[PDB]
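J.: sequence first, structure after; it's an experimental one.
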Amino acid sequence: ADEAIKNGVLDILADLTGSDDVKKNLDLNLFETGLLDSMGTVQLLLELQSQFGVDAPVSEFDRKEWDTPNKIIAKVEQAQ
């Protein structure tokens, strides 16, 4: 893919949290930071299933992977 995925993902990330922390840090707990909770992923997925048409689960995935941006940036890259 292009950098529009790594960027968009991050962009859609910092946007999700509504803060400017993940935009930099590549290991800023999206859960331990309170930035995210769960409902966020749902949305992110919506955008992750449009620009990336990802097929990530939700029922009960490895939040650990959806806890950080990197772990995600990798999940998005390992989905395309």
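T.: Sure thing, it's come through. Numbers count the residues shown, from 1 in each chain.

J.: show me what whichever strand or helix holds residue 6 is packed up against.
T.: Element membership for residue 6, per DSSP states H and E: helix 3-17. For helix 3-17, the elements it packs on are helix 39-48, helix 69-77, judged by 3 or more CB pairs under 8 Å, 6 or more residues apart in numbering; DSSP states H and E. The C-beta positions use only the backbone N, C-alpha and C, and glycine is treated the same way.

J.: just those helices: most buried one?
T.: Most buried of the helices and strands packed on helix 3-17 by mean neighbour count (mean count of other CB atoms under 10 Å) is helix 69-77; its value is a mean of 18.

J.: how about the CA coordinates for that one, as PDB?
T.: In PDB, the C-alpha atoms belonging to helix 69-77 read as follows (Å, rounded to 0.1, in the frame of the first residue of the first chain):
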ATOM      1  CA  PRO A  69      -1.200   2.500  17.100                       C
ATOM      2  CA  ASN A  70       1.800   0.400  16.000                       C
ATOM      3  CA  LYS A  71       0.100  -2.900  16.800                       C
ATOM      4  CA  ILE A  72      -2.700  -1.500  14.700                       C
ATOM      5  CA  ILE A  73      -0.700   0.000  11.900                       C
ATOM      6  CA  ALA A  74       0.600  -3.500  11.600                       C
ATOM      7  CA  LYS A  75      -2.800  -5.100  11.800                       C
ATOM      8  CA  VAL A  76      -3.900  -2.700   9.000                       C
ATOM      9  CA  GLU A  77      -0.800  -3.500   7.000                       C
END
